[PDB]
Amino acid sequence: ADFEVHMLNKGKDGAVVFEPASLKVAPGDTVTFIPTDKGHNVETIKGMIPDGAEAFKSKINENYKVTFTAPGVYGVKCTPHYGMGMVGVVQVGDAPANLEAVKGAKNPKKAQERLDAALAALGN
């Protein structure tokens, strides 16, 4: 299955957001990060990707389709807007096994707040 996430200067949750900021998918599903507004990208957050996955980083303004295979939680950021909290979580499967590893990863405050909210929205 294929899902879409919009990269926005602003949205429901305020300044510099992924919409949605949380997404539950199955192994092998894809997510396309869409540069609806200019100036954004998507990058994995260190400490927030499960065993068997590979970190990535898209180019600014790249329409970017990512396959999520290994189960668990994936934290993503927009590289320039990470400090400002432009972050999201993609969760592959239920009962993610890397949850406490990812909860311990270090993030700047606005990012941490939005990451915790996305984790809670996903049932964690």
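Position 1 is the first residue in the sequence shown; the rest follow in order.
The stretch 91-99 shows the higher mean C-alpha B-factor when 33-41 is compared against 91-99 in the entry. Looking at mean Cα B-factors across 70-78 and 45-53, the upper value is held by 45-53.
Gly85: CA B factor in the lowest third of modelled residues in this chain (values from the PDB entry). For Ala120, the recorded CA B-factor ranks within the highest third of the chain. Only modelled residues enter the ranking.
Among all modelled residues in its chain, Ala105 ranks in the highest third by Cα B-factor. Ranked by Cα temperature factor within the chain, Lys10 sits in the middle third according to the deposited record.
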